[PDB]
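To start, the structure itself, in structure tokens.
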Ligand SMILES: Cn1c(=O)cc(CP(=O)(O)O)c2ccc(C3CC3)cc21
Ligand SMILES: Cn1c(=O)cc(CP(=O)(O)O)c2ccc(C3CC3)cc21
Ligand SMILES: [Zn+2]
Ligand SMILES: [Zn+2]
């Protein structure tokens, strides 16, 4: 069920997992949805991605207060664009520890974003260096290589069938790869397939801008990227 809470929408995906959705008008595009995640890990909550704005991100924290009423231990942001990083100051005002790809933090200022407090680094095969992601509990963080951006990262939730490609993965009906502006058309297809191979148990693929999809979103994305090589 899609729970309306001020101008945002919350949908439960699993017993301990919810999707947050926020909207931003843009001319030529309409009121664009952006999704992130909320995970309960025992007596704390973990957030993946801000909303577009501080006010929206403050409303996510208000929804967590009312519907979960446990402290938010940390948030991880999946790339340095407004839809996933626009509410960083709201997280910092709430005393929430914040994490992003080192490259996301490096890009933040030129992208008009506020950097996270902590930088994630990755091994050669894409898995997060554990020292950089302390206390992440069931959040598994994977850098698939460059795609929608150079810095895009992905998350799976241990003990669920859920993984989140952020803006790397398009829905199975999408007509294009969308934002080519900061994209890596050469490496995109390999990056999409690497996400799939990182999270083989994830039957539910949470989309950046639409409803959850099947792993057909991953194949469709890879095939669309194969055309741009
Ligand atoms: C026009 N437009 C932007 O300038 C920025 C975004 C956010 P991202 O680049 O992270 O997808 C964005 C996201 C989705 C859409 C959809 C209506 C096509 C447009 C968007
Ligand atoms: C046409 N179009 C889409 O269908 C989907 C998106 C969002 P994403 O890059 O995450 O797929 C999208 C994002 C940005 C743009 C921007 C150039 C303004 C177009 C887009
Ligand atoms: Zn983006
Ligand atoms: Zn996007």
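In order, the residues displayed for chain A correspond to 42-270 in Swiss-Prot numbering, which applies throughout.
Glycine residues also receive a Cβ, built from the backbone N, Cα and C atoms like all the rest.
The following features are taken from Swiss-Prot:
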BINDING   120, 122, 189  Zn(2+) 1 binding site
BINDING   124, 208, 250  Zn(2+) 2 binding site
BINDING   211, 220  substrate binding site
Cβ under 6 Å from ligand 1: qualifying binding-site residues of 120, 189, 211: none
Inter-residue Cα distance where the pair is residue 220 (substrate binding site) and residue 122 (Zn(2+) 1 binding site), in Å: 11
Spatially closest candidate among 120, 189, 211, 220, the listed binding-site residues, to residue 250 (Zn(2+) 2 binding site) (Cα to Cα): 211
Nearest-integer angstrom distance between the alpha carbons (Cα) of residue 120 (Zn(2+) 1 binding site) and residue 208 (Zn(2+) 2 binding site): 8
Among 124, 189, 208, which are recorded as binding-site residues, the nearest neighbour of residue 220 (substrate binding site) by Cα: 189
Surrounding CB atoms that lie within 10 Å of the CB of residue 208 (Zn(2+) 2 binding site), all protein chains: 24
Sparsest Cβ surroundings (other CB atoms within 10 Å) among the binding-site residues 120, 220, 250: 220
Under 8 Å by Cβ from residue 189 (Zn(2+) 1 binding site), same chain, sequence gap 6 or more: 120, 207, 208, 209, 218, 219, 220, 223, 224, 229
Integer Å distance between the CA atoms belonging to residue 211 (substrate binding site) and residue 124 (Zn(2+) 2 binding site): 15
Zn(2+) 2 site, defined by 124, 208, 250: further same-chain residues with Cβ within 8 Å of the Cβ centre: 73, 75, 76, 122, 125, 207, 219, 249
Cβ within 8 Å of the mean position of the Cβ atoms of 120, 122, 189: remaining residues of the chain near Zn(2+) 1: 119, 121, 124, 125, 190, 192, 193, 207, 208, 220, 223
Binding-site residues whose CB lies under 6 angstroms from ligand 3, from 208, 211, 250: 208
In sequence order, those binding-site residues of 120, 122, 208, 211 whose CB lies under 6 Å from ligand 4: 208
